[PDB]
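In: would you be able to build a 3D model of this:
(chains A, B, C, D, E, F, G, H, I and J, ligands or ions: 9)
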Amino acid sequence: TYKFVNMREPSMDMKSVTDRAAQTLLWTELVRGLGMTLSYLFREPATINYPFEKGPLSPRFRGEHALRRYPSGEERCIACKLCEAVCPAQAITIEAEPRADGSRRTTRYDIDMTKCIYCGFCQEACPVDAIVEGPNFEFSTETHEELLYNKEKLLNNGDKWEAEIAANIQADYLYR
Amino acid sequence: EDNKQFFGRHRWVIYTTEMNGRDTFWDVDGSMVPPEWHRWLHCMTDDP
Amino acid sequence: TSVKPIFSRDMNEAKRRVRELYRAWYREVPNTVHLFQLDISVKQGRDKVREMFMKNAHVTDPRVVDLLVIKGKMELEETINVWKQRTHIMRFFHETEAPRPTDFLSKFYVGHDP
Amino acid sequence: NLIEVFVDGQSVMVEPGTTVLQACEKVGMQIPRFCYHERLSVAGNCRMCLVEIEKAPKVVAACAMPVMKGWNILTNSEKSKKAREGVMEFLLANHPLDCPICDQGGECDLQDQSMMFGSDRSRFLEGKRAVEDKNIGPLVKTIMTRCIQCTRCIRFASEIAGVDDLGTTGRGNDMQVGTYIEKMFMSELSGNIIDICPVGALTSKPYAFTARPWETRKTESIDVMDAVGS
Amino acid sequence: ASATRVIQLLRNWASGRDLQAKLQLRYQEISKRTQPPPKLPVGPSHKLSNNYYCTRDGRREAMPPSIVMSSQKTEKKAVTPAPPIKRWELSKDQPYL
Amino acid sequence: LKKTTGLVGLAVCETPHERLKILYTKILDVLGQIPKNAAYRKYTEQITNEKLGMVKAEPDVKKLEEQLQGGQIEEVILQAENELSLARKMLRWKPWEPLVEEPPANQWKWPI
Amino acid sequence: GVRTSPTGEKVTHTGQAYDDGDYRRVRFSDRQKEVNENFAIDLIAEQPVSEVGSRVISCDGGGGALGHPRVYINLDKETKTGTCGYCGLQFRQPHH
Amino acid sequence: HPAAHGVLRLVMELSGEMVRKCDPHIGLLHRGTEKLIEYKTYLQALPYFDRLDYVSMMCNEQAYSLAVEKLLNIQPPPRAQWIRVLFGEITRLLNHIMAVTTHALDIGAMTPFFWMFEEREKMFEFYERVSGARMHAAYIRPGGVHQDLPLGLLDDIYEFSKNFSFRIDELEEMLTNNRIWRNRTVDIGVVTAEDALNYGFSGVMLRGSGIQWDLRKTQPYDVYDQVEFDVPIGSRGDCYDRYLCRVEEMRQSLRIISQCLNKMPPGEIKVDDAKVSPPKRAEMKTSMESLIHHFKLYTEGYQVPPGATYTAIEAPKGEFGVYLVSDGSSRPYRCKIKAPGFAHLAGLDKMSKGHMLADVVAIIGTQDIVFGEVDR
Amino acid sequence: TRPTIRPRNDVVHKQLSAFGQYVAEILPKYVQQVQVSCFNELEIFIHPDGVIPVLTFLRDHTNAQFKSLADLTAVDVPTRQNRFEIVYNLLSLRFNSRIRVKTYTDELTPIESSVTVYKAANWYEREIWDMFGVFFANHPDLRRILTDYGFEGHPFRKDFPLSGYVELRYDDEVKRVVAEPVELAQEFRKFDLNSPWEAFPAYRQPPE
Amino acid sequence: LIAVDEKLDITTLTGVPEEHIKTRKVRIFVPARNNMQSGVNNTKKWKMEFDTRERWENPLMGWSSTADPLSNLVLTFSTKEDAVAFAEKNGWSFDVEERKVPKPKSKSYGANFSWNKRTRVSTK
Ligand SMILES: CCCCCCCC/C=C/CCCCCCCC(=O)OC[C@H](COP(=O)(O)OCCN)OC(=O)CCCCCCC/C=C/CCCCCCCC
Ligand SMILES: CN(C)C(=N)NC(=N)N
Ligand code: SF4
Ligand code: SF4
Ligand code: SF4
Ligand code: SF4
Ligand code: FES
Ligand SMILES: [Mg+2]
Ligand SMILES: [Zn+2]
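Out: Residues are numbered from 1 along each chain as shown, chains lettered A, B, ... in the order given. Ligands and ions are numbered 1, 2, ... in the order given. Here you go:
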């Protein structure tokens, strides 16, 4: 079905003609627009008091990255390179070798945050929940090099945000 | 917290005047909050 | 095998089109130097036009010549209409590229390139 | 003289004694396999290559069944698909969940043939089997929970390398592959067991954990360590 | 919202509508940020029997396009790509604005 | 009769039946120059005679539009004009001749 | 378990440390080098060994669906402990 | 230029202020999206479509997903289809708000911009709650949707839809009957129906010119054949008529959103086929087949049977099409993206004949061009 | 019920097959092949010089009113003698249908411009020329549309590198942006993804 | 319809730099089967790829850098003649490697139990 947005004709009776002439000479619809803006003036503003107030977020929010640990302190990442394989932008560089104790662990884990598109495929592809996208989004730097995270930086982010990251994963892990 | 205010303005933080070793009387950042209060303020949970 | 000609049929008509395009480019260099405020000479511009024409002097297929003159007309109209900037006109001159060595000994010294 | 056989109704002339697998190969169809290697003997125990003959009530082992005159080999029939699904179900029922920590990873025949010929779901609601890992030297790393008892390494060891220190001990679901003693499988042709093992049970120890198959670039060169010119 | 009664009256008179009925600011009427744990369904293929992938394989039922006519290889009525599209009906809900 | 056709740039015709008859007769005359065995000629002659029979049988515009199933009568007239121009061009092109040239051996193979 | 190189530079858990004559140390002047203080190898060594009276045990890292893929470790060799290789966790049978 | 949307170079010849010709120079936002898509797999190429028309993001995702599922010969589950339709209509509301407010801002009016962008902020919150990304969600995928809705999303969407017709009414109070707006828009950029069809216009351009055509009604996709809505039809084919059509399309999208909320069915969210869509995390961490399929899907990707398809949807800016060619591998062989704004910008020169500079600005606004999708 | 498999439309398949036979009969001079894919898409393969007659027929004929040019692209297949495959997507609003018309050409062979049948062909053919090097004979204004000014090479060809050969930076010595040979801080990591096990037997080619 | 008695050559139209037109030797070949798998589906199409050039280590982050535009460029061809024709018309030098197919082998399960031959297996 369909409807005509503009196919109405005005009546030509004297009362309607006089009303249209009054609208032409006396700017009725212009005063109407003025009244609408005055109403909005007296309404309550919709501005938050940043940075003392923050907009709502969800447990699914994708922000700054982090590498997690097991509750015993061991790193979760096992150098499986699934995140490196699935990364759309090829932002992850991983190099690994057997550790001293024989574990499969990474020696290099780089994420170029200027190449990352913050899509969250890496945390979907991780089989051990090692790499996650934390809730942090205020991590702007003053130089380009500071956005080239390495394994030490990501582990520090994980250790710093572990409580909030664990809470978000607990909240949203039943939908995954 | 003030639930009477409209959503978004119902929670707020007054930052400290000195954090770690930097004087933050006027220079207040949005990253000065610990992660738990960060989650509480950004409303990923209703429990402080 | 008979093939569909773009223009020019045989090679002589392709050469005629080449000469017409060369005249059009030759009469445009002073205006280009004036409008773009280039610091190069008019002689330098004409020499660059000549050099860019000469690097295709080994072509023997009339269709390839026709395509070359079509592209030359395109890049000439990008210059007459000032669609190009001074940046592109000077990109023709490689003013910032370092001179790559060409002798075997220098190439051996610099690196592994053939 | 050549005998005429049919693969999916297409005629093909094969020499007598040719197997169903080789006839399908001649017509261009590669039958799934785990224990069959053309350089080794025919074992026929993984049962992954079962195919249906048009009139036969019973599926045959394609890798070991010679073709007869006028056979129609239904490679993509319902019986063949169900047979492949059942065999893959058994294999993955006992296999361990070690793909991310497994060097075989993206170049695993169990994974590829599971993705092409098997089901997408698991019905195994029991406990799995865990097997003690053996040590056979500094070159080959054995994680024998991933073994699928295809006996390729045994056949290769004996037939090719002339070394008879590999075999199966025990029987039943507890059947194990190993030396039964602390013996190192040291030979000049040891890494070929790393190559022929279809799963990650036998993996290169110097290459352990370093890379994944999809990352690497393959350069086709020759060998200079000896005068054979491999 | 929090406002004086006179201010509300002036807003309603100027705008011409009862604004408190349709407010653009959310006051406790939204869902809580914490919810009970869900339990999502499984699906149609989570059976333990009579569930063979060969009978539910979408990709393997794809076929190469059928060659209707190939150069290499009574009075028929003229045909159309499809039956002509029927004329639309004018909306009953609100035919004109 | 109707004020507008509802389509921008398409005017209303006061004489739809006469214009349709003229256009269909012109189309039929043009098709007479096409060879009899040409597959193009038979089909368009059939559809034109089918539509020419309808326009000479129904005097009401609305009923004729419903019977033709081609939209509005102005759209039908426009389609008749397009068909006439195509008939002239096809008379020039002569597409009923055998195939110009078969493609190379592997020209439509896919995947490849 | 951080360690200090002879040049005064901290050593990462991967053993990274710039050489004495390496020019790349200039990037750390007037700035700092990012090294994580916690060493996962040290912590997992600090973890104890769980004794279970079964030949085969299963580890999922703890948390169930929040851990790692469940794997089964065979505790038959009495000369060493069985290690879950996802989480590096050691298990043993009650001896003596 | 404020009116040039950032990456349009319009080389104009003016006699005085009358426009003699328009020569749109595009490609200032050409990135090589199609070449990069050729180099990525099918799952890795989804965000590329997310970033093409960055004002109708879930609509682009839906078009790409429909094309890939048509090639794969699979079917999304009913709940996934209803979620797709619901978020497609929410995306249409977002896009039409952006279009109308930016058009009015190029004209000179800004208060509606601010109001309707507050509404856009609320819809962005919906996007972020389902997906975690405020705009580039990458939520609609071949086989269904990535995740299920949280347990309050439908209630909040109901509240938003309940309080939105008043916002549209306030928008109309400032523009619909305003004589200044009527003077600026009426009889500007008139395009005839035949010209629109030949030049290749689609969507609001055709409907404003008066052609009764809509893909959601004629060639339905997902569950658009189970919802009732009206298709606005213009009469004069100008900027004012296209503005009226867009406002009425916002109201009809409100209708569709209400129907989707009331008819949301239970069930799963992605095709129950682990060879195309990934299994759940618990199954991946307990089942060997599920772990294998997770590994293979996220490293190599599913293979798509060879073939070429052209699938189009009624995106908010017109017909958005994808011509996808697969050679049987895990990566697309060819992917041509047909953006509706390409043809409209091609037709910009004809529409601006005999007009002035401000008229050309209004014509660009009424065409509603996004140069991300124009240039690709 | 088979909830995970796309249902098929045999009625539409039959309609498309009938119309393909119809057009192949009407235009034997140019039409070389007609196909219907199993998801109901009609595809017509013609001789490259039949573009104008075939498209004019499909636009003006009463039983095929394909008044809208949905799309116009090309596909580069190096293994063919005529590598470029020009594809026309047409939409008929009268019969609520869509059709595809495919022709072939190589680097040096022009294709007649269809700006006289559809007006969108102007920018579509400009883009085809810009990205593939295919020349269109009677084009009102043929030039680059998407690439940079003075850009050399046609990027969408299969033999063109992903990152091209030049890159841009601002040089302070000359006070302008300059073009220099491409040099990457990190090289694009090429992944070999194809599995060595055949996935779809229905598409298997003869061993030859 | 004109007739040209010339070899096709489009190097002047491709836009490739003269260095990468002249100093490049592509390799036309059928890829060898990956020994780690028994599948043979990747050994059916010819490939054309360029010779390897220098890759060095980035001073920052230690990544692998390159300066060769054609390092990742691999083309797929259905036939050796098609691949050679493409290489010739684009002007690159080329080395062609003939396809290697396994020779047919006589397999018999009954040979595992020969009465007097050495093919008898000591285990199963
Ligand atoms: C001192 C403070 C005054 C404050 C007044 C504020 C008014 C509200 C302010 C908002 C308006 C500002 C933005 C509006 C600017 C544009 C307004 C506008 O368009 O007005 C022009 C308006 C529109 O014309 P069109 O629609 O284009 O029709 C043309 C047909 N060919 O036309 C006008 O000329 C109206 C101007 C007012 C005319 C005065 C009314 C005349 C009535 C006469 C009766 C009295 C006769 C006196 C004799 C008495 C005998 C006893
Ligand atoms: C950049 N984009 C998308 C805009 N709409 N820009 C604008 N200035 N209106
Ligand atoms: S969020 Fe996406 S783009 Fe960023 S590192 Fe993860 S996979 Fe790569
Ligand atoms: S997917 Fe997870 S375990 Fe695998 S390499 Fe990436 S972060 Fe490590
Ligand atoms: S052998 Fe194959 S299936 Fe088994 S864990 Fe390794 S990669 Fe996975
Ligand atoms: S170790 Fe490998 S080669 Fe040996 S039987 Fe087991 S799966 Fe086969
Ligand atoms: S391959 Fe034949 S049974 Fe194993
Ligand atoms: Mg191995
Ligand atoms: Zn564990």
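
In: is residue J:48 in a helix, a strand, or coil?
Out: Here residue J:48 is recorded as strand under DSSP: H, G, I helix; E, B strand; the rest coil.

In: does it touch residue J:26 like I think?
Out: Yes - counting by C-beta atoms under 8 Å, residue J:48 does reach residue J:26; the two are 5.2 Å apart. Any C-beta I mention is one placed from the backbone N, CA and C, and that applies to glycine too.

In: what touches both of these two?
Out: Common neighbours of residue J:48 and residue J:26, using C-beta atoms under 8 Å, 6 or more residues apart in numbering or on different chains, are J:87, J:94.

In: the nearest residue to residue H:313 once chain neighbours are set aside - how many residues pack around it?
Out: Nearest residue to residue H:313 in three dimensions, chain neighbours excluded: residue H:63, at 4.5 Å (C-beta to C-beta, 6 or more residues apart in numbering or on different chains). By other C-beta atoms under 10 Å in any protein chain shown, 28 other residues sit near residue H:63.

In: element containing residue H:63?
Out: Assigned by DSSP states H and E, residue H:63 falls within helix H:57-72.

In: now do the contacts for the residue of chain A found nearest ligand 9.
Out: Using C-beta to the ion, the closest approach of chain A to ligand 9 is made by residue A:70 at 8.3 Å. Applying C-beta under 8 Å, 6+ apart to residue A:70 gives the contacts A:76, G:61, G:62, G:87.

In: can you report how many residues neighbour residue C:74?
Out: Residue C:74: 14 surrounding residues under other C-beta under 10 Å.

In: could you list the buried residues of the helix or strand where residue H:292 lies?
Out: Using DSSP H and E, residue H:292 sits in helix H:288-299. For helix H:288-299, the neighbour count (16 or more other C-beta atoms under 10 Å in any protein chain shown) marks H:288, H:289, H:290, H:291, H:292, H:293, H:294, H:295, H:296, H:297, H:298, H:299 as buried.

In: on that earlier part again, relative to residue H:301, how far out is the residue nearest to residue H:313?
Out: For residue H:63, the distance to residue H:301 equals 19 Å [C-beta to C-beta, to the nearest Å].

In: quick revisit: could you identify the helix or strand that succeeds the helix holding residue H:63?
Out: Note on helix H:57-72: by DSSP H and E, the next helix or strand toward the C-terminus is helix H:78-107.

In: if we can go back for a sec, by contact count, what packs against the helix holding residue H:63?
Out: For helix H:57-72, the elements it packs on are helix H:46-50, helix H:78-107, strand H:140-141, strand H:307-315, strand H:318-326, judged by 3 or more C-beta pairs under 8 Å, 6 or more residues apart in numbering or on different chains; DSSP states H and E.

In: can you say which of the ones you listed is nearest to ligand 1?
Out: With C-beta to the nearest ligand atom, the closest approach to ligand 1 among the helices and strands packed on helix H:57-72 belongs to helix H:78-107: 14.5 Å.

In: close to chain I, is that closest one?
Out: No - Helix H:78-107 does not reach chain I (C-beta under 8 Å from any C-beta of the partner chain); its nearest approach is 8.5 Å.

In: got a list of what the residue nearest the centre of chain J touches?
Out: Nearest to the geometric centre of chain J sits residue J:29, at 3.2 Å (C-alpha atoms, centre = their mean). Each residue near residue J:29 by C-beta under 8 Å, 6+ apart is listed here: D:220, J:46, J:47, J:96, J:97.

In: can you give me the strands for chain B?
Out: Under the criterion DSSP state E, chain B contains strands at B:18-19, B:22-23.

In: okay if I get the ones you listed as a markdown table plus distance to residue C:61 and mean neighbour count?
Out: Compiled in a markdown table, the strands of chain B are given as follows (distance: least, C-beta to C-beta, whole Å; neighbours: other C-beta atoms under 10 Å in any protein chain shown):
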| stretch | distance to residue C:61 | mean neighbour count |
| --- | --- | --- |
| strand B:18-19 | 75 | 10 |
| strand B:22-23 | 73 | 9 |
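
In: go through those strands and name the closest to chain A.
Out: Of all those, it is strand B:18-19 that lies closest to chain A, at 13.6 Å by C-beta to the nearest C-beta.

In: partners of the closest one, with directions?
Out: According to DSSP bridges, strand B:18-19 forms sheet pairs with strand B:22-23 (antiparallel).

In: check what contacts the strand it pairs with and list those residues.
Out: Outside of strand B:22-23, the residues within contact range by C-beta under 8 Å, 6+ apart are residue B:17.

In: distance of residue H:125 relative to residue G:37?
Out: 38 Å.

In: any chance you could map the strands in chain G?
Out: Counting by DSSP E, the strands of chain G are G:3-4, G:10-11, G:50-51, G:56-59, G:71-74, G:82-84, G:89-92.

In: can you put these in a markdown table and add mean neighbour count and distance to residue F:69?
Out: Listed next are those as a markdown table, based on neighbours: other C-beta atoms under 10 Å in any protein chain shown; distance: least, C-beta to C-beta, whole Å:
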| stretch | mean neighbour count | distance to residue F:69 |
| --- | --- | --- |
| strand G:3-4 | 11 | 87 |
| strand G:10-11 | 16 | 83 |
| strand G:50-51 | 12 | 81 |
| strand G:56-59 | 18 | 71 |
| strand G:71-74 | 20 | 69 |
| strand G:82-84 | 20 | 73 |
| strand G:89-92 | 19 | 76 |
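
In: can you redo these as TSV with distance to chain J?
Out: Shown next, in TSV, are the strands of chain G (distance: least, C-beta to the nearest C-beta, whole Å):
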stretch	distance to chain J
strand G:3-4	21
strand G:10-11	17
strand G:50-51	36
strand G:56-59	28
strand G:71-74	23
strand G:82-84	26
strand G:89-92	30
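
In: so which of those gets nearest residue H:31?
Out: Smallest distance to residue H:31 across the strands of chain G (C-beta to C-beta): 41.5 Å, for strand G:10-11.

In: that closest one near chain A anywhere?
Out: No - Strand G:10-11 does not reach chain A (C-beta under 8 Å from any C-beta); its nearest approach is 9.8 Å.

In: partner strands of that strand, parallel or antiparallel?
Out: Applying DSSP bridges, strand G:10-11 is found paired with strand G:3-4 (antiparallel).

In: run through who's touching the partner strand.
Out: Strand G:3-4 has contacts (C-beta under 8 Å, 6+ apart) with G:10, G:11.

In: quick one: contacts for residue F:24?
Out: Residue F:24 is in contact with F:48, F:51, F:52, F:55, F:80, counting by C-beta under 8 Å, 6+ apart.

In: now swap in residue F:31 and tell me
Out: When contacts are counted by C-beta under 8 Å, 6+ apart, residue F:31 is found next to F:41, F:44, F:45, F:48, F:87.

In: got these as CSV, with distance to residue H:204 and secondary structure columns?
Out: Formatted as CSV, those follow (distance: C-beta to C-beta, whole Å; DSSP: H, G, I helix; E, B strand; the rest coil):
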residue, distance to residue H:204, secondary structure
F:41, 42, helix
F:44, 36, helix
F:45, 40, helix
F:48, 36, helix
F:87, 35, helix
